[PDB]
Ligand SMILES: Nc1nc2c(ncn2[C@@H]2O[C@H](COP(=O)(O)OP(=O)(O)OP(=O)(O)O)[C@@H](O)[C@H]2O)c(=O)[nH]1
Ligand SMILES: Nc1nc2c(ncn2[C@@H]2O[C@H](COP(=O)(O)OP(=O)(O)O)[C@@H](O)[C@H]2O)c(=O)[nH]1
Ligand SMILES: [Mg+2]
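Protein chains in written order, with the entry's author numbering: chain D, 1 to 44, 47 to 178, 180 to 360, 369 to 441; chain E, 2 to 279, 284 to 437; chain I, 13 to 166.
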């Protein structure tokens, strides 16, 4: 369990994926040419997780950049850290998926998928001991949704003993494309069956944090991705720096996933700021710990107080008292006892990393498996029902090879998932 | 990049030459096909080549085909003012007509001519770099309009799969009514064409007769009077496809925007201003008039239904701010009920080319005009009228023996009515 | 002559269909006085005014229009880009050869075609040289247009 293979699909996948590399490359002390120009020994300790060592002492990301739209190829390559990526690892079509899931999962996507698998096989070969896979994509579009979930299924039949982890960004009417609930319902059906750990990044919550908390009147995707990049930086901290707590993908999955299907995590970050917001008043351990479960700091549009936490992983970053952290994590559980499942002893795990993120003296990242995530799936189900009830625009999908049963199967699975969440929220130790 | 127009039977053929008269006038084309520097429209960029091929001479020829099982109606095209415009192979005629019998136009007599027609379309399709599809004109009530159109629609689906087929249908009226059995022919064509058409624009002969009497003051309107009006509305619908405009450019943009459920593809078109040449209307006035049942192509009450789509196509002296202001009042002031799952969005198109009227026609030249396309549940009222008339005669099996004796099975009547029942239920259920 | 002054002041007018009708008129008549006002209408707020000013500038032919039309191949509107490309083809100035070659890699089919047609209408020696280089070091549609031009020209 050493190397992680990263795959980024579609518009959303490549944009949020690129910001992740720009962020962790700075954290690991890598410039856009792949040369290490840092100071800490800790920076290169677990560098082999996300990078390959080539040339002299040059580091290359173990990243595969996919899209059916070739436009994305130039966007990322001409970008800030576009020169670190392997040129043979860009797999781009000339076609496009026109926001149709069936186009990415059956027609246009199924043609390019084997050329992608050729590249995944290439990177899996120069892997001493592969941990697993990490996919960044959007569930609202066509490529990231359809092709991305085809990739997930195709990888899982070839590499089943490897962990499949995803960063799935949820579509929202606030942000965006009428058949987004179809693309999101059809992808959630694949994720419930083919991933081990999924981070539910909701565009509704992303907009709301910018709008309500950050006071950004009409935010761009650059403002939303500023929350996504900082979240991804914190949730992958455990894997990137030397430690004991959730050191690898499987160890994290073992602690966070009590039930096969209940593997969708409500991500969170503290403190929250706007891009280039001239920093003022550094946070303390109690202020960090309080912003923990604070609904206003969640990246998924759910209230934690509307459900119970099955399991929790908390990551504190910077120079701070371990006794302060341990004291504040115990109070947050005793002063919120009812919101933590009684039948799962020691469900909250804490980790402290001495390395803080870029621009922040101290930060705190939170990964929660709360039964309250059913609120997100209910919202997609309602949006889906209204359209599928009348069988509206169904022919755009069914025309591209798909069957109506596939819509009924995805709807059944997503309704079942919500009922499962509720069954454990209502479950007592007695 | 290209569209083929098929004109079937008396109604379709007669409407076709009224359409083509207006298209020529709109794009600055003479009845011989010549487009000289004095008569050329002027303002560069022209996309009329979707409907007119260009000969080596500089002659613009309609990408049109005219079919009738009797020669009478097409003979008038061949001797008319536009005798020069169309090529002889485009105009196809039989000897014996379908005698207002669907089974003659679909089976017996229709089967004789179907193959030639297809090769004549093939001659046109072979002159297209990227054929988008077909525009089919026909009546519901004539044996050829009903029977041959459904037979051709069936064959075009096999011979041209991924090609759009948009219809312009002559819905019957008791006023201009040459047959008792028109309800039978109407239900039969709609049943067999439903799975083959992508979109269908009905023209209710009763509505145009009512519009001519009310708006144009014609005492007893003739086919000449109705047709000049039909072609005005039709031109406004097809303008998107012939001009360098942003809304409903190709046949796919038309389907995508207007039809969300496949079976429910009958948009109701309205048109304002319809003035007699005997006083200037603003953008607010003409937009408002689109939401008035009096100005509709088909008789129905939109206040009793739900919308799935709503497009406003303006032409002439129409300013962007005025259109936005007019739309804004219609959103806040009117009781326009849309279905839940679809957004309350009015797709707007503006072409600044002045309206072109028929010289010697009953219509006055206006500064601005508007053609609204609404996909409403209210169009089930048009189906209900027809279905009831059908049921009255069918229960006693009247006139049915004429159909069964012309290569048809009586069960096709029951099968047809069953499809109409389902179509009526679909409009009802979709509008909850 | 007496009416040319009128439409030049209608090109300035508040009303967008009036501005459109002024640009249609000045292309239909085509006077050297209308060059600079139609050059200003290439930067109009409305696409229907910009595209018809571009068509007018190509018909009239005046060399002063070559520069604003080169910038018009980069217009956000697909119809404006196609009309500007075709106008440059009508004028036939060799300064347009390279911007028209860059338009061969446009997202719109009509624009790509209009750029190909324009290049063929100019057909000097600099066009030929650029076609020779593009036929060997070129890709897809842009390569087909170089290869088709050199085969239509023995
Ligand atoms: N508005 C309009 N309706 C017409 C016209 N000609 C016929 N109709 C109507 O169409 C129906 C009759 O069908 P037709 O088109 O004449 O018949 P056909 O397709 O030639 O078929 P056969 O009569 O069997 O040869 C009636 O409702 C007529 O009133 C016309 O030029 N315009
Ligand atoms: N937060 C975020 N959401 C995005 C981004 N790009 C697109 N989206 C969302 O993803 C959905 C559209 O999917 P997209 O990636 O563009 O399409 P694809 O290339 O076909 O997968 C919508 O819900 C958009 O709001 C991005 O950069 N950030
Ligand atoms: Mg007849």
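Note that CB positions come from ideal geometry on N, CA and C, so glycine has one too.
Would DSSP call residue i helix, strand or coil?
i	result
residue 320 (chain E)	strand
residue 303 (chain E)	coil
residue 373 (chain E)	strand
residue 283 (chain D)	coil
residue 22 (chain I)	helix
residue 205 (chain E)	strand
residue 123 (chain D)	helix
residue 181 (chain D)	coil
residue 129 (chain D)	coil
residue 163 (chain E)	coil
residue 272 (chain E)	strand
residue 352 (chain D)	strand
residue 135 (chain E)	strand
residue 206 (chain D)	helix
residue 305 (chain D)	coil
residue 98 (chain E)	coil
residue 28 (chain D)	coil
residue 74 (chain E)	helix
Can you tell me the Cα-Cα spacing of residue i and residue j, whole angstroms?
i	j	result
residue 295 (chain D)	residue 130 (chain D)	37 Å
residue 415 (chain D)	residue 232 (chain D)	37 Å
residue 76 (chain D)	residue 381 (chain D)	39 Å
residue 442 (chain D)	residue 435 (chain D)	Absent from the model: residue 442 (chain D). The displayed extent of chain D is 1 to 441, so no value can be given.
residue 413 (chain E)	residue 191 (chain E)	16 Å
residue 91 (chain E)	residue 123 (chain E)	11 Å
residue 91 (chain D)	residue 43 (chain D)	25 Å
residue 210 (chain D)	residue 136 (chain D)	24 Å
residue 195 (chain E)	residue 264 (chain E)	7 Å
residue 49 (chain D)	residue 324 (chain D)	27 Å
residue 303 (chain E)	residue 356 (chain E)	25 Å
residue 110 (chain I)	residue 125 (chain D)	41 Å
residue 193 (chain E)	residue 264 (chain D)	47 Å
residue 106 (chain D)	residue 331 (chain D)	47 Å
residue 346 (chain D)	residue 356 (chain D)	29 Å
residue 85 (chain E)	residue 34 (chain E)	7 Å
residue 150 (chain I)	residue 144 (chain I)	10 Å
residue 116 (chain D)	residue 66 (chain D)	13 Å
residue 155 (chain I)	residue 146 (chain I)	6 Å
residue 427 (chain E)	residue 396 (chain D)	22 Å
residue 374 (chain E)	residue 64 (chain E)	27 Å
For the region 86 to 106 of chain E against the region 399 to 414 of chain E, do three or more pairs of beta-carbon atoms, one drawn from each stretch, fall closer than 8 Å, so that the two count as touching? yes
Could you tell me whether the region 189 to 204 of chain D touches the region 150 to 161 of chain D, using the rule of 3 or more Cβ pairs below 8 Å? yes
Does the region 130 to 141 of chain E touch the region 153 to 166 of chain E, meaning 3 or more C-beta pairs lie closer than 8 Å? yes
Does the structure place the region 371 to 388 of chain E close enough to the region 309 to 324 of chain E that three or more beta carbon pairs sit under 8 Å? yes
Which runs of the alpha helix (DSSP H), 4 residues or longer, sit entirely within the region 106 to 165 of chain I? 109 to 114, 121 to 134, 138 to 148 and 153 to 164
Segment contact, 8 Å Cβ cut-off, at least three pairs: the region 292 to 303 of chain E with the region 417 to 425 of chain E: no
Cβ contact (3+ pairs, closer than 8 Å) linking the region 218 to 225 of chain D and the region 248 to 264 of chain D: no
Determine, using beta-carbon pairs with one atom in the region 296 to 304 of chain D and one in the region 269 to 282 of chain D, whether at least three such pairs fall under 8 Å. yes
May I ask you to verify whether the region 28 to 36 of chain I touches the region 58 to 70 of chain I, counting CB pairs closer than 8 Å and requiring at least 3? yes
Output, in sequence order along the chain, the residues in the region 129 to 153 of chain I whose CB is closer than 8 Å to any CB in chain E. none
Quick check on the DSSP output: what are the complete alpha helix (DSSP H) runs of length 4 or more inside the region 379 to 413 of chain E, in order along the chain? 385 to 399 and 405 to 409
Tell me which residues of the region 258 to 273 of chain D have at least one Cβ-Cβ distance to chain E shorter than 8 Å, keeping chain order. none
Give, in chain order, every residue of the region 28 to 46 of chain E whose Cβ lies closer than 8 Å to some Cβ of chain I. 43, 44, 45 and 46
Under 8 Å, with one C-beta from each stretch per pair, do the region 135 to 146 of chain I and the region 101 to 116 of chain I reach the 3-pair mark? yes
What are the start and end residues of each continuous alpha helix (DSSP H) run of 4 or more residues lying completely inside the region 35 to 91 of chain I, in chain order? 47 to 52, 59 to 72 and 78 to 83
With 9 Å as the C-beta to C-beta threshold (strictly closer), list the residues of the region 340 to 369 of chain E near chain D in chain order. 344, 345, 346, 347 and 348
Tell me which residues of the region 231 to 261 of chain E have at least one Cβ-Cβ distance to chain D shorter than 8 Å, keeping chain order. 261
Secondary structure, beta strand (DSSP E): runs of 3+ residues fully inside the region 233 to 282 of chain D: 267 to 273
Closer than 8 Å, Cβ to Cβ, to anything on chain E: give me those residues from the region 385 to 411 of chain D, in chain order. 397, 398, 400, 401, 402, 403, 404 and 406
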